[PDB]
Structure formats: structure tokens, C-alpha cells
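coords below, sequence missing:
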Ligand SMILES: CC(=O)N[C@@H]1[C@@H](O)[C@H](O[C@@H]2O[C@H](CO)[C@@H](O)[C@H](O)[C@H]2NC(C)=O)[C@@H](CO)O[C@H]1O
């Protein structure tokens with residue numbers, strides 16, 4: 001099976017021990033390492049950090065310690081927006097500029113493939129035509145990669161994309177049917193289903209729906225998302241179940257009511273290391289003294305709370321489960337976001353190195 005794990009640029013800036021660099025990457029923990037992120041400048045693939053070139057060298061260097069390992073460069077993300085994307089795909093001449101810069105950029109730093117993270121084709125201010133163009137981008141990259149390998153005699157570069165679990169976004173700009181055939185594999189980011197952007201407490205990545213929960217909110221869970229993509233026409237072998245190594249927090253209305261789906265005034269206060277409201281890294285979560293861990297029967301997932309803070313995350317057991325669901329449905333493997341967010345150096349969870357992801361590696365084989 002495949003174990004796809006994301007590495008992020010900005011992790012290098014975390015203070016204290018939370019600092020993450022390639023040096024902290026275990027070359028054997030995952031089957032595929034993905035670098036987040038790479039930008040675009042003049043329809044061309046280009047770095048985004050002052051020391052990306054040195055990092056690209058380290059990241060891909062791991063392959064000397066494990067030749068079986070595969071690395072891919074990811075372009076986009078949430079903050080990337082859609083402007084630069086929609087532009088690049090509008091005209092075949094700018095599109096071809098990209099396809100070519102891709103092939104050169106990747107071959108220059110030793111990347112085995114490229115991960116497309118357009119969020120999202122035909123959404124967030126993206127013409128409903130981009131849905132079609134995205135397919136064209138996928139097909140173009142696909143052909144170029146197929147051609148290049150034949151004339152260069154090197155291992156064909158890989159092409160994957162990070163797709164959404166959001167019913168809307170899905171039907172909004174993804175020709176599942178078609179793209180699924182030009183992508184080596186599909187990373188379903190089955191997380192962020194619920195968040196501080198809802199005035200009522202919810203869980204980040206829920207496996208199934210709550211017994212007392214329906215309507216459109218019945219789609220907001222892993223299973224639903226997973227069954228969706230499979231039906232739309234994605235062979236399961238090419239479907240990678242993404243899993244979060246972070247959780248989502250809410251500042252409760254009153255420490256009196258902590259019912260999953262309780263009134264929340266807003267996002268949980270920010271963590272000491274990640275420093276972002278409504279978001280907590282696993283290693284920060286398990287740092288809660290006198291917390292109150294709990295589980296959601298319906299949707300096999302925990303969540304702790306202390307006073308007015310309520311954070312829904314995944315722990316070792318919730319990962320064991322999901323890996324199990326994964327296998328059950330016959331999926332191609334698991335995908336994890338993100339490396340730097342697990343307790344990568346066992347400095348606060350008291351569970352060793354990469355607690356969450358190691359559980360994945362174990363169960364997967
Ligand atoms: C492929 C993927 O997971 N894409 C999304 C991620 O980019 C996103 O991570 C968030 O990225 C922002 C910049 O792109 C960061 O500022 C932000 O801190 C970071 N948040 C987290 C929790 O890593 C994740 C998270 O929601 O969602 C993906 O859809």
C-alpha cells in the first residue's frame with residue numbers, strides 16, 4: 001500500500017523544538033514524501049522560500065538512504081488562491097510553458113513527480129470552465145511526462161492531485177471520471193469537515209455520521225467522502241485516504257456545555273508552537289494537563305476539552321480504525337498531512353518518534 005506524507009516549507013520557522021527541517025525526516029517512515037509548497041511566477045514552477053534550493057537538495061537526498069522512496073513537488077495550497085492557476089490554464093501557450101518548467105524544475109532537483117493542489121478548480125472565484133481546463137492541465141502534464149520519459153529514458157515522473165472531500169467542490173470543478181485516468185493517484189484530504197467557521201462545535205475528521213445527524217451534514221464525514229469519490233468513478237487502488245495529524249479547536253460558549261455540537265463563540269485559542277487559532281498540532285494537543293479526553297461513538301473519534309477550549313483531533317486509536325476502514329474498502333493507501341505536525345521527535349507526547357504516522361506504517365503492512 002501507499003503511505004503518502006506531506007512535508008511543509010514554513011515548518012522550519014516554528015520556534016523552540018517544534019522546528020522542522022528535512023534533517024528531521026525519517027527516510028523510511030513513508031513510501032512517498034511530498035514537498036509543500038512550490039509557487040508560480042510567470043506561468044512557471046518556482047520556489048517560495050529563501051532556502052528552497054538547499055532544502056530540495058536535502059529532501060531528495062533521503063533517497064540515498066532508501067532508494068525505494070519517492071518524492072513529489074506540490075504546487076499550490078490554500079493560500080495560493082486561484083488567480084495564478086486560472087491564468088496559466090486559459091491559454092495553451094502559457095499552459096505549455098508550465099508543463100515544460102515543471103519537467104525541468106523536477107528533473108533539476110530530483111523530484112519523481114508533481115502533486116497538483118489547485119483549491120479548487122471552479123471554486124473560490126474560479127470560472128466554471130476551469131473544471132474543464134483542469135482536466136486539460138492534467139492531460140497535458142500526463143502526456144508530457146509520458147513523452148519525456150521515453151526520450152530521456154528516465155523513470156516516468158508521477159502526477160497526483162490533492163482533491164477535496166467537499167461534496168460542493170467535488171461537483172464544482174472535478175471531472176472525476178476523466179482526471180482519475182491521468183493521475184497516478186488521488187489524495188483525498190478527508191479532513192477539515194468541521195471548523196471554527198461554524199458556530200457550533202464539530203470534529204475535524206469524522207469517520208461516519210452521528211446517529212442524530214442528517215440532511216447535508218450527513219455528507220460531512222470520511223466514509224461519505226470516500227464513497228463519493230469511488231462512485232464518481234475513481235478506482236479505489238488510486239484513492240489515498242488523507243488523514244490529519246492536527247486537530248480543530250473551538251472556544252466554547254460556556255464550560256458548562258461540551259456536547260459535540262455545542263455553542264462555540266469562535267476558534268480555539270492558538271497553540272504555543274503552531275500559533276493559529278482553531279488549529280492545533282497533535283504534539284500540542286497531548287500537552288494538555290488535566291484535560292478531559294472523550295470519544296464520539298457514532299464517528300469513532302476523540303476530542304478533549306478544558307474550561308472553554310474544545311479540540312477535536314485524532315489519536316493512535318482513531319488512526320488504527322481509519323487504516324482499518326481504508327483496508328475494508330480496498331483503498332490504495334493512506335495520505336498524511338502533515339509530517340511536521342505529528343510528534344516527530346517525541347518531545348511532548350511521551351510516545352516516541354512519529355507516534356501517529358508510525359501507527360499508520362504498522363497497520364498498513
Ligand atoms: C493538500 C492540502 O492539504 N491542502 C490544504 C493545506 O494547504 C492546508 O494547510 C494549511 O495551509 C496554509 C497555507 O496553504 C497554512 O497557512 C495553514 O497553516 C495550513 N493549515 C494546516 C492545519 O496545516 C490544510 C489544512 O486545512 O488543508 C488542505 O486542504
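Noted; the coordinates are in hand. Residues are numbered from 1 along each chain as shown.

Relative to the ligand, which residue of the stretch 101-250 of the chain is the closest?
Residue nearest to the ligand within the stretch 101-250 of the chain: residue 162 (3.6 Å; C-beta to the nearest ligand atom). No exception for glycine: its C-beta is placed from N, CA and C like everyone else's.

Can you name the residues of the stretch 51-200 of the chain sitting close to the ligand?
77-79, 117, 162, 189, 192 (C-beta under 6 Å from any ligand atom).

Does stretch 208-227 reach the ligand?
No - Stretch 208-227 stays clear of the ligand (C-beta under 6 Å from any ligand atom), getting no nearer than 12.4 Å.

which of the residues in that stretch are buried?
208-210, 213, 217, 219-226 (16 or more other C-beta atoms under 10 Å).

Okay, buried residues for the longest helix along the chain please.
Ranked by residue count under DSSP state H, the longest helix found in the chain is helix 130-152. Residues 130-135, 137-138, 140-142, 144-145, 148 are the ones in helix 130-152 that count as buried (16+ other C-beta under 10 Å).

tell me the two of these that are most distant?
131 and 148 (26.6 Å; C-beta to C-beta).

name the helices or strands packed onto the helix or strand that contains residue 358?
Using DSSP states H and E, residue 358 sits within helix 355-364. On a contact count with 3 or more C-beta pairs under 8 Å, 6 or more residues apart in numbering; DSSP states H and E, helix 355-364 meets strand 2-8, helix 316-329, strand 333-337.

Check whether it comes near the ligand.
No - against the ligand, helix 355-364 shows no contacts by C-beta under 6 Å from any ligand atom, the least distance being 14.0 Å.

got the angle between that helix and strand 333-337?
180 degrees (axes from the mean of the first three to the mean of the last three C-alpha atoms, to 10 degrees).

Flag every residue of the stretch 201-350 of the chain that's near the ligand.
246, 276, 279, 337-338.

For residue 281, name its beta-bridge partners.
residue 246 (DSSP bridges).

Identify the residues contacting it.
Neighbouring residues of residue 281 by C-beta atoms under 8 Å, 6 or more residues apart in numbering: 18, 245-246, 271, 273-274, 340-342.

Roughly how far does it sit from residue 265?
22 Å (C-beta to C-beta, to the nearest Å).

Next: residue 218.
Taken as C-beta to C-beta, the span from residue 218 to residue 265 is 26 Å.
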